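Below is one structure; the comments refer to it alone.
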Amino acid sequence: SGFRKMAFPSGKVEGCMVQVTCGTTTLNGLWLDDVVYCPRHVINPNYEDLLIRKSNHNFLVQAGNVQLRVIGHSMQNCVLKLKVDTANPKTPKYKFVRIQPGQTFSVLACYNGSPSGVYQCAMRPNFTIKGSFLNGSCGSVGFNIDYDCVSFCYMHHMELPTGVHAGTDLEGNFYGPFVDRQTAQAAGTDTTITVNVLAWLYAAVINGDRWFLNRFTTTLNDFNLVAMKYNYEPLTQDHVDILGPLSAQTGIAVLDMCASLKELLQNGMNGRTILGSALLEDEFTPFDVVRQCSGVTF
Amino acid sequence: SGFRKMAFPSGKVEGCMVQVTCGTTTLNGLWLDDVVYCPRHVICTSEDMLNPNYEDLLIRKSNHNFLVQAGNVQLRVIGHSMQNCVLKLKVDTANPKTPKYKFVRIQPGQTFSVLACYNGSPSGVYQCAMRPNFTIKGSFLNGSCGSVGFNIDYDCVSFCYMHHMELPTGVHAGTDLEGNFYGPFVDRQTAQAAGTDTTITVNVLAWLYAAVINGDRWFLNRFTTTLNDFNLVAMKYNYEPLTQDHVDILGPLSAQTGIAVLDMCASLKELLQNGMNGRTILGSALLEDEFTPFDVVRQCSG
Ligand SMILES: O=C(N[C@@H](C(=O)Nc1cncc2ccccc12)c1cccc(Cl)c1)[C@@H]1CC[C@H](C(=O)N2CCCC2)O1
Ligand SMILES: [Cl-]
């Protein structure tokens, strides 16, 4: 029993964190095979013009108490790739994957190439993450684990004025309409990840919380009309299909659970809580719920 | 900016998780140097869990009855001893991944990270607090016994908890790494119940200072309170008494924000009376009590 916001074990990623210093700026890098990946802002910026002036020896890379020697450098979108002379002996089996809004991942927050904490979070529909980052956290990475393979999906680049965070995939493409420059940028109006709230309601049912259940069902169209009124993301047939296993395990049809969600949106919780929360939680995917309520290991 | 429930990086602990099997029972063990620590109930039988005599069950065992597996490698048990509710299995190999470590016993209100494991394999990491009733609100399934709680301040791992059982309310009970239970619990299937739980007041205050640090001030008021009047009000909402030690501990946060502890106490009294009125504090509609004053300083400053 119990339901916690759970991150993946971070050990495979900890063995990849390095410190990258260029001039006065120090941030984190990801050392995989013989390449160190880091945000290109470590160097109104013209990154090609700034990079052409830098030599390999201008980049100081430190893995623990060992200085790695940079033998090449190149830029791919907003990520800088520093070729080093040594392949990381701790390089795990990995992939670079780009995620969709609503998908969750673990973040290993780092400062000076040293991991300080690990937390779980979701890519918001407005492409920001509600992270916990201070100055020097740039280059910290987001990941998931599938059996023994680490899928890297995020690299931290910046904080927006509202306290939320923006970054890229490991190929340097930003999530959202953001640019790596000190300029006026703002996160768009955010929405609630509907499929994730439903997954969390199924997690509460599996954990013995049933007060919000009712005899009613609804249509996909009727529910989307309601969800649009409360700034909730539209629920698709794909989402309904994905929730199938949880619907079969609890005996509560996905549209039956939608009628519970509609009643909670129109009437509130009335002093009650669900899994120790007075708000509807949207940072657990249907897969996260199945993984935690079944105990999958890595 | 931001405030998340943050766990310590688990890598140093992952390299210590092993699987311990005795008979038909399999659970997790903690391999440090040449010793594997695990709950002693791994030696129990299905028919003897109400009143097990662990000394009598252990005397009948030999080293080869304990199967210890570290990854795909079987470790050889060369000795065994019991210390309170923990079984210590001496093995013929020191763990090359043994980090710098200490065994620490924590007090209620203290937080730690949990590396939940099944069959010696880590499945997840989450943040926890030792409740005032000495239970933890964890997320554990059958076979999670032996999973450990820890803090990693600097490069040293301080092991503070080992999971032993789930009580009927869905909460969890366990021991320190010396085998002493937290709370009035025993490792028997006899009727046991967690005592009435209360809110960790010093932690809620720490989290209110964290909200002030991140720019949230809506909940502050022009009032103050004596410590005794605050405690008279707090007890009515099932909040733990706030001691002078707690007031002293909150001193640094008070100096950083410019809000006296007893003024923050008056803001908490008002929140307990009024609720949040559709508002949130650090993205939460409830008053959070699983961040200590130390956690707030570490996450907000470094
Ligand atoms: O409940 C069991 N074990 C313990 C326990 O509480 N385990 C668990 C921990 N966390 C979460 C859990 C969620 C769901 C089910 C179990 C959970 C337990 C019970 C009572 C006293 C002690 Cl010290 C330990 C079952 C039934 C007996 C079997 C067991 O441990 N055996 C030893 C020898 C013969 C089999 O496993
Ligand atoms: Cl303590």
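Keep in mind that the numbers below use all heavy atoms, side chains included, and drop hydrogens, waters and symmetry copies. Indexing begins at 1, ligand by ligand and atom by atom, following the structure's order. Each chain gets a letter, A, B and so on, in the order the sequences are listed, and its residues count up from 1.
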Just jot down the ligand 1 atoms closer than 4.0 angstrom to any heavy atom of [X], in number order.
| X | result |
| --- | --- |
| B/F140 | 10 (N), 11 (C), 12 (C), 13 (C) |
| B/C44 | 33 (C), 34 (C) |
| B/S46 | 34 (C) |
| B/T45 | 34 (C) |
| B/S144 | 9 (C), 10 (N) |
| B/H164 | 24 (C) |

Answer side chain, backbone, both or neither: which part of [X] comes under 4.0 Å from ligand 1, heavy atoms only.
| X | result |
| --- | --- |
| B/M49 | side chain |
| B/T24 | neither |
| B/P39 | neither |
| B/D187 | both |

Ionic contact status for B/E290 with B/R131, cut-off 4.0 Å: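 Yes, charged N to carboxylate O under 4.0 Å.
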Looking only at non-hydrogen atoms, the one of B/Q192, B/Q189, B/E166 nearest atom 19 (C) of ligand 1 is B/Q189
Evaluating non-hydrogen atoms only, which member of B/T25, B/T26, B/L141 is closest to atom 32 (C) of ligand 1? B/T25
Protein heavy-atom contact under 4.0 Å for atom 28 (C) of ligand 1? no
If we count only non-hydrogen protein atoms and require a distance under 4.0 Å, does atom 23 (Cl) of ligand 1 qualify as touching the protein?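 Protein heavy atoms within 4.0 Å of atom 23 (Cl) of ligand 1 - there is at least one.
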Is the gap between the ring centers of B/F185 and B/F134 under 6.0 Å?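 Not close enough - the centres of the two rings lie 6.0 Å or further apart.
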Between A/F3 and A/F284, does the ring centroid distance fall short of 6.0 Å? yes
Taking the side chain as C-beta and beyond, is there a heavy-atom pair between A/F212 and A/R272 under 4.5 Å?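 No, side chains not in contact.
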Is there a donor-acceptor pair closer than 3.5 Å between any side-chain N or O of A/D209 and the backbone N or O of A/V205?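 No.
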Taking the six-membered ring of B/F230 as reference, does the cationic atom of B/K269 (NZ for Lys, CZ for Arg) lie under 6.0 Å from its centre and within 45° of its axis? no
Among all the protein's non-hydrogen atoms, which is closest to [atom], and how far away is it?
| atom | answer |
| --- | --- |
| atom 9 (C) of ligand 1 | B/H163 NE2, 3.1 Å |
| atom 16 (C) of ligand 1 | B/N142 CA, 3.8 Å |
| atom 7 (N) of ligand 1 | B/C145 SG, 3.7 Å |

Residues forming a salt bridge (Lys or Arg N to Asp or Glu O under 4.0 Å) with B/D48, sequence neighbours excluded: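 Scan of B/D48 (salt bridge (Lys or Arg N to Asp or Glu O under 4.0 Å), adjacent residues dropped) gives none.
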Tell me, which pairs form a side-chain hydrogen bond (donor to acceptor under 3.5 Å, both in side chains) where one or both residues lie in residues 199-213 of chain B, sequence neighbours left out? none
Is the closest side-chain donor-acceptor distance between B/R105 and B/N180 under 3.5 Å?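 Result is no, nothing qualifies.
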Straight-line distance of B/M162 CE to B/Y37 OH, nearest 0.5 Å: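 Reported to 0.5 Å precision, the distance equals 9.5 Å.
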Taking both backbone and side-chain atoms of B/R188, is any N or O found less than 3.5 Å from an N or O belonging to ligand 1? no
Which residue is it: A/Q292, A/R4, A/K5? I am looking for the one with a side-chain hydrogen bond (donor to acceptor under 3.5 Å, both in side chains) to B/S139. A/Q292
